[PDB]
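Visitor: Mind having a look at this structure? Questions to follow.
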Amino acid sequence: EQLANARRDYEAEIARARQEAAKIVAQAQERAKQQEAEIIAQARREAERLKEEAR
Amino acid sequence: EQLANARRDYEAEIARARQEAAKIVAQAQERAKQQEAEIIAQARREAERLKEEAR
Amino acid sequence: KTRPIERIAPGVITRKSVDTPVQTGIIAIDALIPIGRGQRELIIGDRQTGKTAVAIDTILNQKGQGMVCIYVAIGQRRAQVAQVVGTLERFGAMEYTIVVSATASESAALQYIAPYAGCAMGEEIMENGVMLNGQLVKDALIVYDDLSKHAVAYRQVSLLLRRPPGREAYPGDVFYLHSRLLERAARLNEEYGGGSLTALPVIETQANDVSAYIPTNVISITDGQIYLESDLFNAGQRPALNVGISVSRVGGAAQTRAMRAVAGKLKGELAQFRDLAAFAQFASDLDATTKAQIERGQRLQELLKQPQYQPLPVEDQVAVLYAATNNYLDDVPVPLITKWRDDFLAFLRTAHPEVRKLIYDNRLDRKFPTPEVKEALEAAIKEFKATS
Amino acid sequence: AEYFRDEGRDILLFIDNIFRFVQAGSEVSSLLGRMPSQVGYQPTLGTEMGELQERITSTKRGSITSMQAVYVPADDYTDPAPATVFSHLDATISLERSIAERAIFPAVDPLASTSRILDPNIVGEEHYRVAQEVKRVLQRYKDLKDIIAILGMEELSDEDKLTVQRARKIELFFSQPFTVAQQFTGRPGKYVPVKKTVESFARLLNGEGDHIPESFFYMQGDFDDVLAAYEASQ
Amino acid sequence: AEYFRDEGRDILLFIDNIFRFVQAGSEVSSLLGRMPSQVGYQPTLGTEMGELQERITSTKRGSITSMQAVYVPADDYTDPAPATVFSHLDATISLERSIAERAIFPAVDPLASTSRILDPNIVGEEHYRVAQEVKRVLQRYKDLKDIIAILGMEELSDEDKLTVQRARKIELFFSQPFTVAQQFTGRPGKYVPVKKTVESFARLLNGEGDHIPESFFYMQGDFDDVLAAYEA
Amino acid sequence: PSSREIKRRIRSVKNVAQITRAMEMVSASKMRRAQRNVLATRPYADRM
Ligand SMILES: Nc1ncnc2c1ncn2[C@@H]1O[C@H](COP(=O)(O)OP(=O)(O)OP(=O)(O)O)[C@@H](O)[C@H]1O
Ligand SMILES: [Mg+2]
């Protein structure tokens with residue numbers, strides 16, 4: 001009986017690991033995008049600052 | 001061994017997942033900074049034109 | 001208009017306790033040695049130790065603080081002054097700073113009034129103020145650089161005047177010289193304008209002799225001292241600060257509430273680290289508590305290590321200290337902590353600058369870790385650790 | 001101060017940094033064409049010091065309770081100004097740079113500090129005995145400084161080891177938070193009555209608190225606070 | 001030298017015992033009747049020394065680099081003369097007796113010899129890193145000389161006997177042939193560029209050349225030269 | 001602090017370092033033979 005449930009628990013954990021891997025990969029995506037947008041935004045707001053100081 | 005296998009497989013998949021999340025985030029961060037570097041380089045050039053207009 | 005140098009200080013009643021902090025940008029300086037506008041803090045070291053580096057870093061950090069930096073070089077070589085002015089020009093800090101050069105090749109008459117002239121510009125900023133970034137600023141930062149060479153030049157002038165020498169062949173009025181020089185740097189009350197003039201004199205000592213005449217005089221007259229250990233600098237900790245003995249009598253109240261709130265337990269833990277420095281020699285003879293304290297102290301001291309020309313905003317300062325002092329960095333190995341901090345500050349500049357601005361405009365509250373700012377910061381640090 | 005003293009009112013005098021006074025005298029004398037005396041000081045340092053200090057006297061019409069402050073040039077206690085001040089005092093307090101850098105903010109050196117009123121007829125037999133014991137302790141420590149620095153702790157005898165441990169405990173216990181120190185120290189100020197101080201030091205000297213670690217004596221008031229802190233630490 | 005510097009040329013100035021210049025100035029001031037200063041030195045120490053040694057700068061037209069010998073009075077680096085000399089110094093070299101007792105003519109003591117310009121911002125990150133690593137391993141070497149003399153090399157732990165062996169190899173590598181010594185030693189001098197020096201020392205530190213003994217590094221140039229010697 | 005009394009202190013402490021320097025290595029030499037004796041006695045204890 002212990003072998004059966006342990007094998008079942010292994011399947012649940014490995015499925016949970018894939019489930020855990022799903023959002024960890026997912027959360028990286030918006031952190032990838034949201035960092036990108038601000039980096040562009042930071043570059044842009046600095047860009048006008050360079051332009052206005054030139055004027 | 002099955003329980004030991006479950007612990008190893010659970011950690012191995014998680015370790016792989018955290019690796020992939022770090023990798024793709026690195027791609028976005030490196031892709032964004034060069035875009036920011038391009039914009040900052042672009043920002044400097046337009047300022048360069050501004051003084052030439054002043055001259 | 002011209003301001004007369006060699007004038008009496010404004011006076012006692014014409015003063016107010018300092019309340020507005022000065023953001024130096026160095027973790028150790030801004031954490032353990034708070035600096036307020038209008039205070040007098042000493043940066044003392046042993047020759048090539050980093051006093052000039054600390055001064056120029058402080059000047060660089062004050063780009064958007066409504067600040068008027070003053071750097072007066074006494075007896076410095078032309079090469080050093082040229083390097084300093086070039087460094088200031090590179091970072092754009094040159095637009096708001098005035099540099100007075102009294103170099104070694106120049107006569108002994110110079111290097112004797114140059115600090116007084118710099119103090120005159122400081123007093124002009126005090127009373128009248130100037131237009132900076134579209135706003136009237138009346139707060140000025142002055143760095144007199146090496147005062148030991150100023151005292152040397154004054155001794156030369158006195159001896160050439162055949163005045164009787166005193167202790168260490170110095171004229172007996174050298175204490176009066178430095179006192180009248182530095183006492184004019186003050187924090188005026190509202191009814192005389194409310195301006196401030198923070199003074200950062202620099203002293204060069206010999207073989208870490210803090211018991212010499214001029215060093216003791218300047219320690220006595222100034223409010224706080226920043227002892228720069230040569231051994232620590234050679235050990236790799238470039239912002240070498242003798243945290244055990246360096247102290248600022250004033251400015252603890254003139255510190256942002258978040259900064260002190262996160263730095264009090266920092267100072268406590270670093271004190272525990274210094275106390276346990278003797279016990280670090282034993283191997284496996286220390287319990288879990290002492291070993292954890294040693295690891296924490298090493299982590300925090302490596303965190304204090306900050307590279308040159310890298311000022312850090314106060315919000316980033318407090319975020320990093322909250323990260324380090326809430327057991328969130330115990331997992332990080334010590335040698336990688338500096339790059340971890342760099343990556344984390346980059347993360348905040350890229351992922352959650354909104355957290356940064358929230359900290360910035362919530363730094364004036366009595367309690368720093370406000371539920372939203374605390375939570376937000378905890379979520380951000382957990383996300384960054386997940387990315388790591 | 002003299003006007004209020006002469007009418008009988010008690011006067012609390014706090015003259016600060018008389019060394020600045022004597023330094024100004026030295027500067028003005030040097031500017032006056034007088035010869036420098038010793039290290040550039042005025043020839044009439046003793047006369048001026050007497051003229052100022054002798055006016056600070058409690059008389060039969062009224063009493064002046066005066067605290068004076070003296071700055072020592074560099075760290076030289078043999079400088080003429082502190083030496084001249086030394087002979088005009090009833091109680092002497094010496095603050096040492098080493099004690100200050102050892103985080104002992106009071107920084108008072110018990111061995112270099114004396115008082116004329118330290119008499120069992122005046123202060124009490126118990127207070128006098130406690131003070132003498134607290135001086136002989138740390139006198140042993142000053143004697144054994146070189147040995148502890150070079151050979152180490154083990155070379156001392158058992159009684160010598162106990163005396164050294166009690167001396168370090170005493171010097172740490174001398175630290176005390178101040179109500180005006182809240183600006184840079186989070187430790188709340190403590191006011192310890194002289195009777196409480198005598199009781200605490202006598203209890204420590206008897207042997208009580210020997211098992212307590214020395215670090216618990218730092219930033220503490222009476223011995224009861226140390227005992228409470230140790231109990232909290234369990 | 002200023003005439004040559006005005007022509008755009010780079011000039012090396014060699015001053016023998018600048019402390020003798022300091023004492024000459026002190027005697028001149030004493031003869032003039034000026035008051036003594038802090039040792040009995042001249043009151044115009046800083047001014048006299050600043051009139052000198054300040055014309056030695058890198059101008060846009062040309063640059064003059066000065067190599068000045070210094071005698072320390074007694075052994076006091078806190079004496080006013082050596083301290084003032086240090087006030088206008090950018091790099092230090094301390095030749096040592098024992099290093100030259102062994103036939104290493106460039107007997108530069110690495111620990112005592114320092115330089116202000118040794119920072120990543122000027123010489124590059126790689127140069128600073130390799131210099132710091134060399135200093136660390138040599139410091140470990142001199143620290144463990146005590147243990148070696150007391151108990152021997154066998155007591156040295158693993159990865160530590162490696163450090164002492166590598167330190168001996170690198171300190172024998174410090175030797176370099178000199179073209180002015182070609183006739184005396186019969187060995188042609190080798191000019192090692194700074195980039196080549198940094199690369200060779202990095203490739204010595206990372207692990208290459210460990211199989212090569214302490215020899216074949218003596219009187220050598222770049223790591224390519226020692227490899228060529230080991231092969232033959 | 002008389003520029004000569006400190007000289008006697010320097011000479012005395014320099015002697016102390018020299019004496020302790022001899023002390024450090026003589027114990028180390030006896031340390032080597034003590035460890036050697038331990039190794040030689042090990043088979044007798046281990047075998048029984
Ligand atoms: N945080 C730092 N990171 C890296 N290098 C540093 C740092 N602080 C100082 N240095 C280096 O230390 C050296 C000495 O700096 P600095 O000029 O400030 O010294 P000092 O103690 O003020 O005295 P001096 O004016 O005599 O050199 C320089 O080479 C500088 O680059
Ligand atoms: Mg400097």
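Scheme for the structure tokens: letters A, B, ... for chains in order shown; per-chain residue numbers from 1; ligand numbers from 1 in order shown.
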Report the Cα RMSD between chain B and chain A after least-squares superposition, pairing every C-alpha atom in order.
Guide: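 Across all paired C-alpha atoms, the RMSD is 2.7 Å.
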Visitor: Give the residue list for ligand 2 at 7 Å, counting only C-alpha atoms and all ligand atoms, as a ChimeraX atom specification, sorted by chain and then by residue number.
Guide: /C:48-53
Visitor: Residues contacting ligand 1 - anything with an atom at most 10 Å away, using only C-alpha atoms and all ligand atoms - can you give me those as an NGL selection string?
Guide: (:C and (26 or 43-57 or 73 or 76-77 or 80-81 or 83-84 or 145-146 or 202-205 or 228-230 or 233-234 or 236-240 or 305-310)) or (:E and (86-90 or 115-122))
Visitor: Do you know which residues are at most 12 Å from residue 31 (chain A) counting only C-alpha atoms, after dropping those on the same chain fewer than 2 positions away, and could you put them as a ChimeraX atom specification?
Guide: /A:23-29,33-39 /B:21-22,24-29 /C:347-348,350-352,380,383-384,386-387
Visitor: May I have the residues within 10 Å of region 95-102 of chain C as an MDAnalysis selection string, using only C-alpha atoms and disregarding those fewer than 4 positions away in the same chain?
Guide: chainID C and resid 59:60 62:64 66:78 81:82 84:85 88:89 91 106:115 117:118 121 132:133 140:144 150
Visitor: May I have the residues within 10 Å of region 25-27 of chain D as an MDAnalysis selection string, using only C-alpha atoms and disregarding those fewer than 5 positions away in the same chain?
Guide: (chainID C and resid 166 171:176) or (chainID D and resid 19:20 32 34 36:37 39:45 48)
Visitor: Please write the residues from the selection above to a file, keeping N, CA, C and O atoms, as a PDB file, in the first residue's frame.
Guide:
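The result, stored in selection-v3.pdb:
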ATOM      1  N   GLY C 166      54.429  77.535  18.821  1.00  0.00           N
ATOM      2  CA  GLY C 166      53.850  76.831  19.947  1.00  0.00           C
ATOM      3  C   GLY C 166      54.017  75.330  19.839  1.00  0.00           C
ATOM      4  O   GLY C 166      55.078  74.847  19.429  1.00  0.00           O
ATOM      5  N   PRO C 171      51.794  78.121  15.202  1.00  0.00           N
ATOM      6  CA  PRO C 171      51.417  79.348  15.908  1.00  0.00           C
ATOM      7  C   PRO C 171      50.287  79.074  16.890  1.00  0.00           C
ATOM      8  O   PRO C 171      49.404  78.253  16.641  1.00  0.00           O
ATOM      9  N   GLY C 172      50.325  79.780  18.020  1.00  0.00           N
ATOM     10  CA  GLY C 172      49.365  79.540  19.085  1.00  0.00           C
ATOM     11  C   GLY C 172      47.930  79.859  18.721  1.00  0.00           C
ATOM     12  O   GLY C 172      47.019  79.425  19.435  1.00  0.00           O
ATOM     13  N   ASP C 173      47.705  80.597  17.635  1.00  0.00           N
ATOM     14  CA  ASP C 173      46.369  81.007  17.229  1.00  0.00           C
ATOM     15  C   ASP C 173      45.811  80.145  16.101  1.00  0.00           C
ATOM     16  O   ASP C 173      44.793  80.501  15.501  1.00  0.00           O
ATOM     17  N   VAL C 174      46.461  79.019  15.796  1.00  0.00           N
ATOM     18  CA  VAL C 174      45.966  78.152  14.732  1.00  0.00           C
ATOM     19  C   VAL C 174      44.603  77.578  15.097  1.00  0.00           C
ATOM     20  O   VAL C 174      43.739  77.397  14.226  1.00  0.00           O
ATOM     21  N   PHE C 175      44.376  77.295  16.384  1.00  0.00           N
ATOM     22  CA  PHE C 175      43.050  76.886  16.823  1.00  0.00           C
ATOM     23  C   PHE C 175      42.029  77.979  16.548  1.00  0.00           C
ATOM     24  O   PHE C 175      40.928  77.701  16.065  1.00  0.00           O
ATOM     25  N   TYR C 176      42.384  79.233  16.842  1.00  0.00           N
ATOM     26  CA  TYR C 176      41.503  80.347  16.510  1.00  0.00           C
ATOM     27  C   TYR C 176      41.297  80.453  15.006  1.00  0.00           C
ATOM     28  O   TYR C 176      40.186  80.737  14.543  1.00  0.00           O
TER      29      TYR C 176
ATOM     30  N   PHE D  19      40.073  76.117  29.135  1.00  0.00           N
ATOM     31  CA  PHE D  19      41.235  75.996  28.266  1.00  0.00           C
ATOM     32  C   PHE D  19      41.153  76.984  27.112  1.00  0.00           C
ATOM     33  O   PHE D  19      42.169  77.501  26.646  1.00  0.00           O
ATOM     34  N   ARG D  20      39.940  77.251  26.623  1.00  0.00           N
ATOM     35  CA  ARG D  20      39.788  78.269  25.591  1.00  0.00           C
ATOM     36  C   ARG D  20      40.152  79.645  26.133  1.00  0.00           C
ATOM     37  O   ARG D  20      40.764  80.457  25.432  1.00  0.00           O
ATOM     38  N   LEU D  32      51.069  90.527  22.165  1.00  0.00           N
ATOM     39  CA  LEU D  32      51.449  91.668  22.988  1.00  0.00           C
ATOM     40  C   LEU D  32      52.956  91.862  23.093  1.00  0.00           C
ATOM     41  O   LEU D  32      53.394  92.836  23.711  1.00  0.00           O
ATOM     42  N   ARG D  34      55.034  89.782  24.670  1.00  0.00           N
ATOM     43  CA  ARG D  34      55.602  88.995  25.753  1.00  0.00           C
ATOM     44  C   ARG D  34      56.302  87.763  25.197  1.00  0.00           C
ATOM     45  O   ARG D  34      55.965  87.265  24.119  1.00  0.00           O
ATOM     46  N   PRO D  36      57.067  83.899  24.747  1.00  0.00           N
ATOM     47  CA  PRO D  36      56.340  82.653  24.981  1.00  0.00           C
ATOM     48  C   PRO D  36      56.922  81.907  26.171  1.00  0.00           C
ATOM     49  O   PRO D  36      58.123  81.964  26.446  1.00  0.00           O
ATOM     50  N   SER D  37      56.046  81.213  26.890  1.00  0.00           N
ATOM     51  CA  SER D  37      56.436  80.398  28.029  1.00  0.00           C
ATOM     52  C   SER D  37      56.009  78.962  27.776  1.00  0.00           C
ATOM     53  O   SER D  37      54.852  78.703  27.429  1.00  0.00           O
ATOM     54  N   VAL D  39      55.190  75.854  25.904  1.00  0.00           N
ATOM     55  CA  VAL D  39      54.758  75.696  24.503  1.00  0.00           C
ATOM     56  C   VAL D  39      53.898  76.911  24.170  1.00  0.00           C
ATOM     57  O   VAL D  39      52.667  76.900  24.231  1.00  0.00           O
ATOM     58  N   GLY D  40      54.574  77.996  23.795  1.00  0.00           N
ATOM     59  CA  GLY D  40      53.922  79.188  23.285  1.00  0.00           C
ATOM     60  C   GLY D  40      52.926  79.861  24.208  1.00  0.00           C
ATOM     61  O   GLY D  40      52.259  80.819  23.807  1.00  0.00           O
ATOM     62  N   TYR D  41      52.811  79.380  25.443  1.00  0.00           N
ATOM     63  CA  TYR D  41      51.812  79.913  26.352  1.00  0.00           C
ATOM     64  C   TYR D  41      52.289  81.224  26.973  1.00  0.00           C
ATOM     65  O   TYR D  41      53.478  81.559  26.962  1.00  0.00           O
ATOM     66  N   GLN D  42      51.335  81.970  27.518  1.00  0.00           N
ATOM     67  CA  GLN D  42      51.642  83.255  28.117  1.00  0.00           C
ATOM     68  C   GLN D  42      52.499  83.069  29.366  1.00  0.00           C
ATOM     69  O   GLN D  42      52.344  82.086  30.096  1.00  0.00           O
ATOM     70  N   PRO D  43      53.432  83.987  29.620  1.00  0.00           N
ATOM     71  CA  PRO D  43      54.205  83.902  30.869  1.00  0.00           C
ATOM     72  C   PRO D  43      53.338  84.004  32.108  1.00  0.00           C
ATOM     73  O   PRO D  43      53.635  83.354  33.117  1.00  0.00           O
ATOM     74  N   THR D  44      52.273  84.799  32.063  1.00  0.00           N
ATOM     75  CA  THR D  44      51.373  84.953  33.204  1.00  0.00           C
ATOM     76  C   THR D  44      50.193  83.991  33.125  1.00  0.00           C
ATOM     77  O   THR D  44      49.037  84.387  33.262  1.00  0.00           O
ATOM     78  N   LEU D  45      50.475  82.707  32.900  1.00  0.00           N
ATOM     79  CA  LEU D  45      49.399  81.722  32.911  1.00  0.00           C
ATOM     80  C   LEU D  45      48.952  81.422  34.335  1.00  0.00           C
ATOM     81  O   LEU D  45      47.748  81.342  34.612  1.00  0.00           O
ATOM     82  N   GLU D  48      47.004  84.551  35.822  1.00  0.00           N
ATOM     83  CA  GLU D  48      45.656  84.675  35.277  1.00  0.00           C
ATOM     84  C   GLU D  48      44.756  83.548  35.766  1.00  0.00           C
ATOM     85  O   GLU D  48      43.583  83.775  36.099  1.00  0.00           O
TER      86      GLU D  48
END
Visitor: Counting only C-alpha atoms, what is within 12 Å of residue 36 (chain C), bar same-chain residues fewer than 5 positions away, as JSON, numbers by chain?
Guide: {"C": [16, 17, 18, 19, 20, 21, 22, 23, 24, 29, 30, 41, 139, 140, 141, 186, 187, 196, 197, 198, 199, 200, 223, 224, 248, 249, 250, 251, 252, 253, 254, 255, 256]}
Visitor: For residue 3 (chain B), find every residue with an atom within 8 Å (counting only C-alpha atoms), except residues of its own chain fewer than 4 positions away, and show them as a ChimeraX atom specification.
Guide: /A:6-7,10 /B:7
Visitor: Residues of the last selection are to be written out with N, CA and C atoms, as a PDB file, in the first residue's frame.
Guide:
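Contents of the output file result00.pdb:
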ATOM      1  N   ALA A   6       2.860   6.242  -2.539  1.00  0.00           N
ATOM      2  CA  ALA A   6       4.088   6.984  -2.802  1.00  0.00           C
ATOM      3  C   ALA A   6       4.278   7.211  -4.296  1.00  0.00           C
ATOM      4  N   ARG A   7       3.991   6.195  -5.111  1.00  0.00           N
ATOM      5  CA  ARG A   7       3.991   6.391  -6.555  1.00  0.00           C
ATOM      6  C   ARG A   7       2.929   7.401  -6.965  1.00  0.00           C
ATOM      7  N   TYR A  10       4.202  10.742  -5.899  1.00  0.00           N
ATOM      8  CA  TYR A  10       5.232  11.195  -6.824  1.00  0.00           C
ATOM      9  C   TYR A  10       4.613  11.806  -8.075  1.00  0.00           C
TER      10      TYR A  10
ATOM     11  N   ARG B   7      11.481  13.501  -4.504  1.00  0.00           N
ATOM     12  CA  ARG B   7      12.123  14.716  -4.012  1.00  0.00           C
ATOM     13  C   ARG B   7      13.105  15.269  -5.035  1.00  0.00           C
TER      14      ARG B   7
END
Visitor: Report the distance between CA of residue 163 (chain D) and CA of residue 130 (chain D) in Å, rounded to one decimal place.
Guide: 14.9 Å
Visitor: Could you list, as a PyMOL selection string, the residues of chain D having an atom within 12 Å of chain C when counting only C-alpha atoms?
Guide: chain D and resi 17+19-42+70-76+79-80+96-105+180-187+214-215
Visitor: What gap, in Å, lies between CA of residue 71 (chain E) and CA of residue 85 (chain E)?
Guide: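 CA of residue 85 (chain E) lies at a distance of 10.3 Å from CA of residue 71 (chain E).
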Visitor: Sorted by chain and rising residue number, list the residues of chain E at most 6 Å from chain C (counting only C-alpha atoms), each with its closest atom pair and distance in Å to one decimal, as a Markdown table.
Guide:
| residue | atom | partner | partner_atom | distance |
| --- | --- | --- | --- | --- |
| E:35 | CA | C:159 | CA | 5.7 |
| E:37 | CA | C:169 | CA | 5.7 |
| E:38 | CA | C:169 | CA | 5.1 |
| E:43 | CA | C:156 | CA | 5.0 |
| E:44 | CA | C:156 | CA | 5.6 |
| E:50 | CA | C:105 | CA | 4.1 |
| E:51 | CA | C:105 | CA | 4.7 |
| E:78 | CA | C:206 | CA | 5.4 |
Visitor: Figure out the distance between CA of residue 323 (chain C) and CA of residue 377 (chain C), please, to one decimal in Å.
Guide: 8.5 Å
Visitor: Give the answer as one residue: which of C:195, C:154, C:320, C:367 has the shortest atom-to-atom distance to residue 130 (chain C), using only C-alpha atoms?
Guide: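 Selected residue with least distance to residue 130 (chain C): C:195.
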